[PDB]
Amino acid sequence: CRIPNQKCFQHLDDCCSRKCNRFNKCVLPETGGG
């Protein structure tokens with residue numbers, strides 16, 4: 001899905017995973033990058 005490696009914010013919904021790290025960046029889910 002839409003690549004989880006972007007910047008994530010509260011009202012910023014882009015990364016399909018919504019998995020964010022300590023740098024407020026999206027990270028890859030266990031599902032992958034579909």
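Residues numbered from 1 in each chain as written, not as in the entry; some residues may be left out. Heavy atoms only, no water.

### A word on the state of the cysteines
Link 1 in the chain: One pass over the full model with this rule turns up three disulfides.
Link 2 in the chain: Covalent S-S linkage joins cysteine 1 and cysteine 16, the inter-sulfur distance amounting to 2.0 Å. In this structure the cystine formed by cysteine 1 and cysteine 16 twists about its S-S bond by roughly -55°; its chirality is therefore left-handed.
Link 3 in the chain: Classification of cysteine 1 by relative accessible area gives partly exposed; the value is 47%.
Link 4 in the chain: Note that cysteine 15 is cross-linked by a disulfide to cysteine 26, the S-S spacing being 2.0 Å. Disulfide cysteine 15-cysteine 26: torsion about the S-S bond near 85°, hence right-handed. For the residue pair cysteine 15 and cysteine 26, the accessibility class agrees, reading buried in each case.
Link 5 in the chain: Among the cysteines of the protein that take part in disulfides, numbered as they appear in the sequence, the pairing is 1-4, 2-5, 3-6. (Disulfide = S-S within 2.5 Å. Buried < 20%, exposed > 50% of the residue type's maximum accessible area, 1.4 Å probe, protein only.)

### So, the UniProt feature "disulfide bond" in the protein
Link 1 in the chain: At 2.0 Å between sulfur atoms, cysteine 8 and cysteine 20 form the disulfide that UniProt records.
Link 2 in the chain: The buried category is assigned to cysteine 8, whose relative accessible area is 12%.
Link 3 in the chain: The partly exposed category is assigned to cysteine 20, whose relative accessible area is 40%.
Link 4 in the chain: Formation of the UniProt disulfide linking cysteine 15 with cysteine 26 is confirmed by an inter-sulfur distance of 2.0 Å, under the 2.5 Å limit. (UniProt positions renumbered as here; feature names shortened; annotations may be inferred.)

### Some details on the pattern of salt bridges
Link 1 in the chain: Going through the model one piece at a time under the given rule, you end up with three salt bridges.
Link 2 in the chain: Between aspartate 14 and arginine 2 there is a salt bridge, and its shortest N-O distance comes to 2.8 Å.
Link 3 in the chain: Relative accessible area serves as the criterion here: at 47%, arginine 2 is assigned to the partly exposed category. (Salt bridge = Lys/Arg side-chain N within 4 Å of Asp/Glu carboxyl O.)

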